[PDB]
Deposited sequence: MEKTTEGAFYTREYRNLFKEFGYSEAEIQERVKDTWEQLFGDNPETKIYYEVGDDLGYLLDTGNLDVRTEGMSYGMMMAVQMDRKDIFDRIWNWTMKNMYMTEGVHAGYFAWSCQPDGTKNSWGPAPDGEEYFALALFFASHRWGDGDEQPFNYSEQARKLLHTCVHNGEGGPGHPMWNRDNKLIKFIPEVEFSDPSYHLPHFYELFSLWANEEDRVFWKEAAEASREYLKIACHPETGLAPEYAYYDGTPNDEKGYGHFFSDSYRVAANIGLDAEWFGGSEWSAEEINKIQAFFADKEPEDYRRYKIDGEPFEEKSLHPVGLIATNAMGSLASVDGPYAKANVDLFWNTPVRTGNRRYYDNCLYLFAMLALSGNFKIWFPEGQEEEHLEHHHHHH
C-alpha cells in the first residue's frame, strides 16, 4: 500500500545499503547547492521576491517556479516558497488575453512576459504546492498568500475555463486528459500526474472532485498506451490516441519524456505499486542497462538511436533512479540508484533542468517527497 495510506515513506537509498547519516548529508548538500548563495538555480530579490532561473535559456519558467515552490514546501522553507510565489503572481499571472487566469510560461528575469501562453505542467505543480503550503503553514491573511483558496481557484480555471469566456480548459472535459497547452487537442505524457489528481479529488472545489478522480484514472490508462511496449520509452508529445506527435520534432524520447519514469515512481510510492508500473520501469531500466551516460542519445520510442546526444543525461539518470520506487525488486533498480548516487549535480550554464530532476529524485529516494495533509 502507498504512503498516502501508511503515512510512511520508503527510504530506498537506505534499503539499498546507504547509511542514514550519508543520506541526510547528501540530501542537504543537494538542496544547498541549488538554493544556497553560490554562483545554484534559485535567486533572491529584495526581501520578498525570488525565482528559479532556467540558467540555459536565461529566463524564468512556470515549470521552474512551480518546481521551486514544491521543493520549498517539502523542505519546510516558507520564506523561499513565498518569495517564489510572490514573483509568480506579480510577473507571471495573466489578467488579460485569452489565457487570463493562467500563468505566462516564460518571463525574463526582470519580470517581462515573453509569451501570454501557459504551460499546464506548471499550473498543476503550483496547485499541489499551494495545497501543501496551506496544510503545513496555514492560509495567510493577505493575498496571494491565502494558499488553499489560490489552489482551488486555479484548478477551477483549469477545468472550467471557456464556459464563461473565450478561454479554454487545460484538461479535455470528455477524455479527462491534461493537454499540452489550452488551445490544442493533444497531450504530453510527462505532464500526467495521476497521484496529484488523486489529491485534487480530495481538496479541489467539491464540484470537481469526481472529475479529478476520473482524471487520475484516465492518466494512468493513458500512460499505458503512450509508453512503448518493449522499451517503455514515452514520446515528449503524444496525441490522445497515445501515439507520438512528431509534427515539430517532439515525438521521440527526449527531455520532456525523462519525467515519465519519475512520475511513475512517485505515484507508486504515494498510492501503491502496480504490476504495470513495475514492468514499465523494468523496461526503461533494461533499455539503458547496456548504455553509458556519456553516450545517451535522443531515441525513437522503439529504441532506434539518433546521432544527437541527450541534452540532459544527468536528468535522465535521476529520473530513471527515481523510477526504482515503482520496482524496488527490479533487476536494475539497485544499479540505477547507485548510478545516481555516483553522479554529481550538473555544473555550468545548463544545470537548471537536470538539477531540478536531481533534487526531486534525491527527495523521493530518501523518503522526503511527502504528501502534506490538512
What portions of the deposited sequence, indexed from 1, have no corresponding C-alpha atom in the structure? 1-5, 45-46, 382-396
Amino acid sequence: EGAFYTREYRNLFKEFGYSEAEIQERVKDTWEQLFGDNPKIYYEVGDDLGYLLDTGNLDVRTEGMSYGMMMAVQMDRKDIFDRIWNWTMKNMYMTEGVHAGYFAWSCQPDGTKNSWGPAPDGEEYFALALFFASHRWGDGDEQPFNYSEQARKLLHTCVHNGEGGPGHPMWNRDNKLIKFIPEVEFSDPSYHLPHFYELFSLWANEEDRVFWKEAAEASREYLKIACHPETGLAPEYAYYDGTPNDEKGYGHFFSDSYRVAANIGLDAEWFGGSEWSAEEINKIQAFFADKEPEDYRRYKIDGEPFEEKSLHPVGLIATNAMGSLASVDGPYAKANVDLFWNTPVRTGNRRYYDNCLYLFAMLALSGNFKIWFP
From here on, numbers count along this sequence of modelled residues.
Looking at the entry, does 136-144 or 230-238 show the higher mean C-alpha B-factor? 136-144
Going by the B-factors listed in the PDB entry, is the mean over the C-alpha atoms higher for 292-300 or for 191-199? 292-300
Given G68, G36, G323, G315, identify the residue with the highest C-alpha B factor in the PDB entry. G36
Whose C-alpha has the highest temperature factor in the PDB entry: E163, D208, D121, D267? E163
Can you tell me whether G251 has a C-alpha B-factor in the lowest, middle or highest third compared with the other modelled residues of the same chain? lowest
Rank-wise, by C-alpha B-factor, drop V337 into the lowest, middle or highest third of its chain. middle
Can you work out whether the C-alpha temperature factor of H156 puts it in the lowest, middle or highest third of the chain? lowest
CA B-factor ranking of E20, expressed as a third of its chain: highest
What third of its chain's C-alpha B-factors does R77 belong to: lowest, middle or highest? middle
